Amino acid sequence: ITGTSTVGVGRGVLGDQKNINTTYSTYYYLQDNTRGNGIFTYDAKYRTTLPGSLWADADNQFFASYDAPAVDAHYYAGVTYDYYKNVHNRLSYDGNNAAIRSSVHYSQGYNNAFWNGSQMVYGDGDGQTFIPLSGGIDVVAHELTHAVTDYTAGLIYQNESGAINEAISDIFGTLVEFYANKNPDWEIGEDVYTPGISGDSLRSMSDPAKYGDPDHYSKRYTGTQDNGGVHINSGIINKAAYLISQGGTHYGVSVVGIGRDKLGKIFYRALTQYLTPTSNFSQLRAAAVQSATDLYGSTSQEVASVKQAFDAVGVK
């Protein structure tokens, strides 16, 4: 809508206070005009019809518990935009500042979030498995990264290409979590998963097997569930990414870490220059080695660490 840019205040899912960019026109709307063609947040009103109605508020204060998931979806989309812009010189998910849209309060007791090809969508969770999913910055960033992937490599959501697609979203979700410096870790979804249980998460990048995901290519899932295990075999790549950044010894193979910033640069280049819709794990390795070579030279420590990491998880 057309109106005046202003700034409101609210409380997120975890009870933290934050400022959010809104637009004034009779009502205050969750519309951020400061980033690209805008960030727009919608109320799906417990239904499944999308996008719902652009979020309207009477006083520019968002402290109702109903408001919380909207606050976080709106705010964290903003942070994710900033990350891609400031760190990788990318303007929104399409590279041309496309408007970013999210709907919250999707369905009832819905334990999921997704990119539907056009926008992000967040359930409120059932209160046991999940609380509202936009409360996790690694969740929001994971979802927006699916959009980035769809506009660049276009990795098919199936088998090995799909697992790469998933890992890319976990990797960048995590890098965005570190960027915002919000209790960063190498775990996925910890802030919104099982509110009754401390210290757990949905997935782990540092140790995927902790939650039954493979940390080695020999342990990959070869069945048909989960589109050929896209959320399972991603563990293999997640572990490789963890090793490149942090270093360590895995199945007897030692890796010197090169840190988060270089990890991000290598994988962003691979994603945007070398991966294709049908890339498999072995092609990912090649893309990553070539990217590091491009950036740091073929005899660099960087190239060496990328090679050691993929060796450690058994990807040749």
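Residue numbers run from 1 along the displayed sequence.
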* Structure fact -> Once average C-alpha B-factors are taken from the entry for 192-200 and 129-137, the winner is 192-200
* Pick between 170-178 and 218-226: the one whose mean CA B-factor in the entry is higher. => 218-226
* Structure fact -> On the chain's distribution of Cα B-factors, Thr22 falls within the third called middle
* Lowest, middle or highest third - CA B-factor, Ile244 -> middle
* Among modelled residues of the same chain, the CA temperature factor third for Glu160 -> lowest
* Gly52's Cα B-factor: lowest, middle or highest third of the chain? -> lowest
* To do: Among all modelled residues of this chain, ranked by Cα B factor, put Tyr83 in the bottom, middle or top third, i.e. lowest, middle or highest.
  => lowest
